[PDB]
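As a basis for the values below, the full set of heavy atoms in this structure was taken, side chains included, without hydrogen atoms, waters or symmetry mates. Note on naming: letters A, B, ... go to the chains in the order of the sequence lines (proteins, then strands), and numbering restarts at 1 for each one.
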Amino acid sequence: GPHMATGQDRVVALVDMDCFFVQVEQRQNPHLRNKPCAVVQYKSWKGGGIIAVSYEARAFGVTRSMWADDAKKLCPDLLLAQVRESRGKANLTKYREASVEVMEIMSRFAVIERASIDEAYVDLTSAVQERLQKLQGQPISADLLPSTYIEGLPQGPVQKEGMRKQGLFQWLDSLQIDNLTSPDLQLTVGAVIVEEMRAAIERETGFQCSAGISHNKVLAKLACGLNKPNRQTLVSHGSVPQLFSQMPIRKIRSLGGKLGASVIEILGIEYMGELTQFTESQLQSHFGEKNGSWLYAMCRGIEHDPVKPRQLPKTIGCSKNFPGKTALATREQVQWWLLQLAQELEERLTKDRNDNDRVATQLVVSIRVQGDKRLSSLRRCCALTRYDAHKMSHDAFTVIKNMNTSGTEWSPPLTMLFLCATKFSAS
DNA sequence: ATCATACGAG
DNA sequence: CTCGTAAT
Ligand SMILES: Nc1nc2c(ncn2[C@H]2C[C@H](O)[C@@H](COP(=O)(O)NP(=O)(O)OP(=O)(O)O)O2)c(=O)[nH]1
Ligand SMILES: [Mg+2]
Ligand SMILES: [Mg+2]
């Protein structure tokens with residue numbers, strides 16, 4: 001009881017932009033606002049692949065990884081914004097710059113770990129303690145949480161907003177505002193700060209976002225998706241047993257692939273909560289020492305992964321696929337594309353160095369050969385001593401000359417090219 | 001025929 | 001080091 005850790009030591013939030021790429025295009029082109037719309041890359045093949053979908057468009061069934069032509073069938077009036085193309089490939093610069101706008105605002109409030117182009121984890125433990133000291137023992141008004149949902153409430157003895165208020169009222173009524181060490185109280189204050197954060201992001205960028213507040217990253221991330229869009233959700237330690245009782249295992253971060261599938265099949269279970277019935281050693285025996293320990297604690301709502309203080313991406317890369325009959329087959333083609341990638345990379349690296357006082361020191365070159373099922377067929381690295389596209393492209397070629405078979409021909413033909421800058425050091 | 005863009009195991 | 005897995 002007393003010596004049992006409950007994983008209520010920190011206050012962690014996850015802020016994720018709503019239909020991010022769409023909002024970026026909607027801010028730029030007002031004609032797209034408040035309409036069914038999506039972001040697509042590469043129109044020629046089947047209308048292009050959809051990578052972002054507005055909530056209005058989702059109502060029609062449009063989704064990610066869908067061909068625009070097919071989406072148009074579900075939603076005839078679907079509006080489409082195209083990803084920029086430069087040097088023969090998709091260019092995501094607009095989205096990276098928009099992401100920076102958001103990350104910089106969040107970093108004002110606390111240490112953040114950039115988890116993706118549109119979301120970041122926030123460690124609000126220190127901020128809440130400071131906020132708690134201020135306005136000590138004074139009741140927290142519901143007005144301070146206009147967009148917050150308390151998971152699992154209301155409970156006990158017909159409109160969604162009405163439902164939200166009810167739950168919120170039960171939560172606040174129950175709170176013990178006098179004990180500054182109360183974990184629930186701490187989450188509540190964290191929620192207040194996140195309201196502030198989200199208001200700042202929308203006021204200063206025009207972008208709306210959702211957020212999750214909890215004691216760790218997995219629960220915060222999970223909480224965030226519960227009430228999107230434009231809403232934030234508080235998931236307390238106490239709400240975990242009921243929340244996890246019907247939560248499919250694949251919903252938890254890092255359990256959506258093979259590992260999650262193995263848990264389900266080896267253990268013969270479907271929901272996260274069903275994991276509590278196994279001993280740590282049992283879980284370790286099936287999924288390894290690290291995975292077993294993590295599952296044992298996670299199914300109980302406990303996780304110790306820290307919010308890493310990293311606002312910038314660790315790598316800068318450029319990659320292009322060349323499907324089916326379009327696979328690269330000549331020396332001239334390979335070199336041309338390597339140069340295109342090398343040029344985009346060079347501009348991206350030069351800007352990075354000027355903005356972030358760092359320089360990449362290693363260049364990674366990856367390819368795929370036709371007939372290979374894997375994402376990558378081969379990976380090779382070389383020094384990156386100069387930010388020059390011509391040198392990097394030539395170095396890259398040198399590095400992959402070995403795969404080619406004789407004949408100016410290239411074979412087997414290449415289905416993918418990838419250049420990635422890595423191993424940054426201060427500059 | 002989606003594509004383009006961190007981390008642990010060995 | 002390269003590779004496989006994973007999320008967005
Ligand atoms: N190329 C590509 N880009 C993607 C993919 N998935 C996501 N993105 C890009 C495009 C996305 O807009 C952005 C954010 O990823 P989310 O947060 O997963 N989705 P969103 O923010 O759109 O909606 P909401 O969060 O409200 O559900 O990342 C993909 O599979 N491929
Ligand atoms: Mg998002
Ligand atoms: Mg996201």
Which nucleotide in B/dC7, B/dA4, C/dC1 has an atom nearest any side-chain atom of A/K314 = B/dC7
task = To the nearest Å, give me how far apart CZ (A/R379) and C1' (B/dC7) are.
result = 11 Å
message = Give the residues of residues 284-308 of chain A touching DNA chain B, defined as any heavy atom closer than 4.0 Å, sorted by residue number.
response = A/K290, A/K308
query = What's the CD-P distance between A/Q82 and B/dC3, to the nearest Å?
reply = 17 Å
key: Proximity to the side chain of A/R380 - top-ranked nucleotide from C/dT2, B/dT2, C/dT8   = C/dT2
ask   = Is there a side-chain polar atom (N or O) of A/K258 under 4.0 Å from OP1 or OP2 of C/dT5?
value = yes
query = Can a side chain N or O of A/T315 be found less than 4.0 Å away from OP1 or OP2 on B/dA6?
reply = yes
task = Provide, to the nearest angstrom, the distance between the CZ atom belonging to A/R84 and the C1' atom belonging to B/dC3.
result = 17 Å
query = Among side-chain atoms of A/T125 and A/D123, is any donor-acceptor pair under 3.5 angstrom?
reply = yes
query = Do A/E56 and A/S54 have side-chain N/O donor and acceptor atoms under 3.5 Å apart?
reply = yes
query = Quick check: are there more than 12 heavy atoms from other residues, nucleotides or ligands sitting under 6.0 Å from CD of A/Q242?
reply = no
task = Please work out if A/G256 contacts a base, only the sugar-phosphate, or nothing of the nucleic acid, heavy-atom cut-off 4.0 Å.
result = sugar-phosphate
request  = Please tell me which of the listed nucleotides, B/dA1, B/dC3, C/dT2, lies nearest to the side chain of A/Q41?
outcome  = B/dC3
key: Nucleotide B/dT2, atom P - distance to CE of A/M416 in whole Å   = 17 Å
Nearest heavy atoms of A/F60 and A/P36, plus distance in Å = CE1-CB, 4.4 Å
task = Respond yes when some side-chain nitrogen or oxygen of A/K221 is under 4.0 Å from OP1 or OP2 of C/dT8, and no when none is.
result = yes
task = Round to the nearest Å and state the distance from A/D18 atom CG to C/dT8 atom P.
result = 15 Å
task = With heavy atoms under 4.0 Å as the rule, sort A/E113 into base, sugar-phosphate or nothing.
result = nothing
task = In whole angstrom, give the distance that lies between atom NZ of A/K228 and atom P of C/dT8.
result = 11 Å
Name the atoms and distances for all side-chain donor-acceptor pairs under 3.5 Å in residues 201-209 of chain A, with sequence neighbours left out.
from	atom 1	to	atom 2	distance (Å)
A/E202	OE2	A/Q208	NE2	2.9
A/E204	OE1	A/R108	NH1	3.0
A/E204	OE2	A/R108	NH2	2.6
A/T205	OG1	A/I201	O	2.7
A/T205	OG1	A/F207	N	3.0

ask   = So what does A/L378 touch, heavy atoms closer than 4.0 Å: a base, only the sugar-phosphate, or nothing?
value = sugar-phosphate
inquiry  = Base, sugar-phosphate or nothing for A/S116? Non-hydrogen atoms, less than 4.0 Å.
reply    = sugar-phosphate
request  = Classify the nucleic acid contact of A/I316 as base, sugar-phosphate or nothing, counting any heavy atom under 4.0 Å across all strands shown.
outcome  = nothing
request  = Using atom CG of A/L222 as one end and atom P of C/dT8 as the other, report the distance to the nearest whole Å.
outcome  = 11 Å
task = Indicate whether any N or O donor in one side chain lies under 3.5 Å from an N or O acceptor in the other, for A/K94 and A/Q28.
result = yes
query = If we ignore angles and hydrogens, is there a donor and acceptor under 3.5 Å between the side chains of A/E195 and A/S147?
reply = yes
ask   = Are A/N227 and A/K160 close enough that a side-chain donor and a side-chain acceptor fall under 3.5 Å?
value = yes
request  = Report the nucleotide, chosen from C/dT8, B/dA1, C/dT2, that has the shortest atom-to-atom distance to any side-chain atom of A/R253.
outcome  = C/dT8
message = Can you see if the side chain of A/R374 gets near the phosphate of C/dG4 - specifically, an N or O under 4.0 Å from OP1 or OP2?
response = yes
ask   = Counting just side-chain N and O atoms, does A/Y42 come under 4.0 Å of either OP1 or OP2 of B/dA4?
value = yes
note = Among C/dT8, C/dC1, B/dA6, the one nearest any side-chain atom of A/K423 is C/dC1
inquiry  = So, OP1 or OP2 of B/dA4: does either fall under 4.0 Å of a side-chain N or O from A/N321?
reply    = yes
request  = Run the salt-bridge test on A/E344 and A/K89 with the 4.0 Å N-O cut-off and return the result as yes or no.
outcome  = yes
query = What is the distance from CG of A/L345 to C1' of B/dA4, rounded to the nearest Å?
reply = 14 Å
